[PDB]
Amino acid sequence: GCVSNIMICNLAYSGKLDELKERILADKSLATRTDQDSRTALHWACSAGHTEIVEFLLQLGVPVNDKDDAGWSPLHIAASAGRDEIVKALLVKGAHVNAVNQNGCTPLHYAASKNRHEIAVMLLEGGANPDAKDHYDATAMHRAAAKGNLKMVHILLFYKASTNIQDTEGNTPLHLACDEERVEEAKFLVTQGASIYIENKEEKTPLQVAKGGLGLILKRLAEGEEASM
C-alpha cells in the first residue's frame, strides 16, 4: 500500500510478480535500485514473504548480503519474518549467517526470539555461531529463555550454545528464565549444565532471582547433576 519511495520496491512488497519481472527484464538496474531505507526489491520481498519474487531476483544474480540502513541483510529480514523457503534459498546463494545489524544481532537472534524453529536449524546447520553476542552481550539463548521458547532452548543447547554467557547486566539465560518464571526452561537449562551460582551485576544468582519455590527446585536439580558424574 506503499512502503517505499521507489516503485519497484512497492511492487516487490505487494507481490506484483508479473509487473516486477516485466519491468526488471526491461531495465535490469531496477533489480538493485535502493530506496530511502537503503533497501532494494530483495529486502522488501523477503519481508512480505514473496518466495517467487525472491527466486527471480536470486536467479538474476543480485547481491544477497547488502544490508539496509538499519544494518539488516535479506537473511536477517527473512529469518525474522519467519520465511523458511526464502531463508533456504538465501543460504544456497551465499547469504552470510553471522552478519550483524546495527544492534549486533545475527539472523539467529531473531529466529530464536520469534520461535522460528525450522529457520534456526537451517542457520545452525549453515554455520551460525550459537554464541554470537549482540551489542548488549546477549545471545540467541537469552532471548529464547526470557520469552519462554522451550523447544528453541532445546535446539540451541543441542547445537552446543553456551549457557553461561553474561549480558551487560551480568545475566545468563538462566537468570532470565528465572526472573520471568519460565519453569521448564530453567529446569532444562540447569539439567543441561547452566550454573545456578553466577551472580549478575546486582550480585544476585539465578536462584535469588526466581520464585522462592523455583529456586529450591533448581537447587535440587543442580545438586543432582553434581552428585552423578
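The numbering used is simple: start at 1 and walk along the sequence shown.
Peer 1: Compare the mean C-alpha B-factor of 64-72 with that of 49-57 as given in the PDB entry, and name the stretch with the higher value.
Peer 2: Between 64-72 and 49-57, it is 49-57.
Peer 1: Between 85-93 and 139-147, which has the higher average C-alpha B-factor in the PDB entry?
Peer 2: Between 139-147 and 85-93, it is 85-93 that shows the higher mean C-alpha B-factor.
Peer 1: I'd like to know which of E184, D37, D27, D167 has the highest C-alpha temperature factor in the PDB entry.
Peer 2: When the deposited C-alpha B-factors of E184, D37, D27, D167 are compared, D27 is largest.
Peer 1: If you rank the chain by CA B-factor, which third does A194 end up in: lowest, middle or highest?
Peer 2: Middle third, going by the recorded CA B-factors of the chain.
Peer 1: Would the CA B-factor of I217 place it in the lowest, middle or highest third of its chain?
Peer 2: Bottom third by C-alpha B-factor.
Peer 1: Just say lowest, middle or highest third for the CA B-factor of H175 relative to the other modelled residues in its chain.
Peer 2: Within its chain, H175 is a lowest-third residue by C-alpha B-factor, going by the deposited values.
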